[PDB]
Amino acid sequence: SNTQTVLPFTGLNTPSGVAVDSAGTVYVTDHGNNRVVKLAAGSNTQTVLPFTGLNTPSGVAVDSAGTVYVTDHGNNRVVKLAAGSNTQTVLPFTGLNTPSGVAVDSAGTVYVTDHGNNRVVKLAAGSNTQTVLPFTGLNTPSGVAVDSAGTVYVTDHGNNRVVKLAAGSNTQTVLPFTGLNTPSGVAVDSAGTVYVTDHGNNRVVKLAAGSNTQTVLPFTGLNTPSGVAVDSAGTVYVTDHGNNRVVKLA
């Protein structure tokens, strides 16, 4: 599709991040209202999820069981809510500072950009010990995504770059995006194409794996976009933070 459409979230205030599940349900962190909202595909009526005591939530991820994970940025913590449950749990990360983003892999391992500590941490399901991943030379990571191969992708805000860390070898590669300015969010589709919100340049750009061609997607009029998500059909969703809206492109 060539035309962006605004999703009918109601009462949104500075959306900070977005995730989409395999049913096309769209989850958004409403940073300004301290809440997380979701909209089923084709619905006009959002649901406010029963998270509690959030403070400027910065990011959201959804696992294959429908469990929703939120970086509760102002409380230095990560919370999760199982599908159908009305009581969140706090994941046992320690020492986080203003965490910016979250991703979850097919094993349920949770990855968090610990933005205030310039590091990326991961916690396997059921574990008490978090692991600092061997990224190097980060400057304020702003978002994270993980693919089926366990490769972890991170937007490096201060260095205007996207990095990926291969599982096993721990080889870190800078993806050949160009002209980025404060990238804010990242998503990866099932084909390995990487999508990035180029916050400082008000655009969203995608790069297929191994390519030196980046594509500006035909969103229009963006202002400081904060997050991106891509569904199994290739539909792209963006939190257009500066315009208080969530836009999509099918």
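Numbers follow the displayed sequence, beginning with 1. Basically, rigid core = biggest C-alpha set you can superpose within 1.5 Å across the two forms.
Taking the root mean square of CA deviations in 8 other deposited structures of this protein after fitting on the rigid core, 50-58 and 208-216 differ, and the farther of the two is 208-216. Of 163-171 and 126-134, the stretch whose C-alpha atoms sit farther from the shown form in 8 other deposited structures of this protein, after fitting on the rigid core, is 163-171. Between 94-102 and 164-172, it is 164-172 that carries the larger average Cα temperature factor according to the deposited entry.
For the pair 5-13 and 229-237, the mean B factor over Cα atoms is greater in 5-13.
Of all the options 202, 182, 213, 56, the entry's greatest CA B-factor is assigned to 56. In this entry, the residue among 130, 151, 87, 142 with the greatest C-alpha B factor is 87. In the deposited entry, the Cα temperature factor of residue 41 places it in the highest third of its chain's modelled residues. For residue 32, the recorded CA B-factor ranks within the highest third of the chain. Only modelled residues enter the ranking. Annotation for residue 209: C-alpha temperature factor in the highest third relative to the rest of the modelled chain, per the entry. Among all modelled residues in its chain, residue 193 ranks in the lowest third by Cα B-factor.
The deposited CA B-factor of residue 218 belongs to the lowest third of values across its chain.
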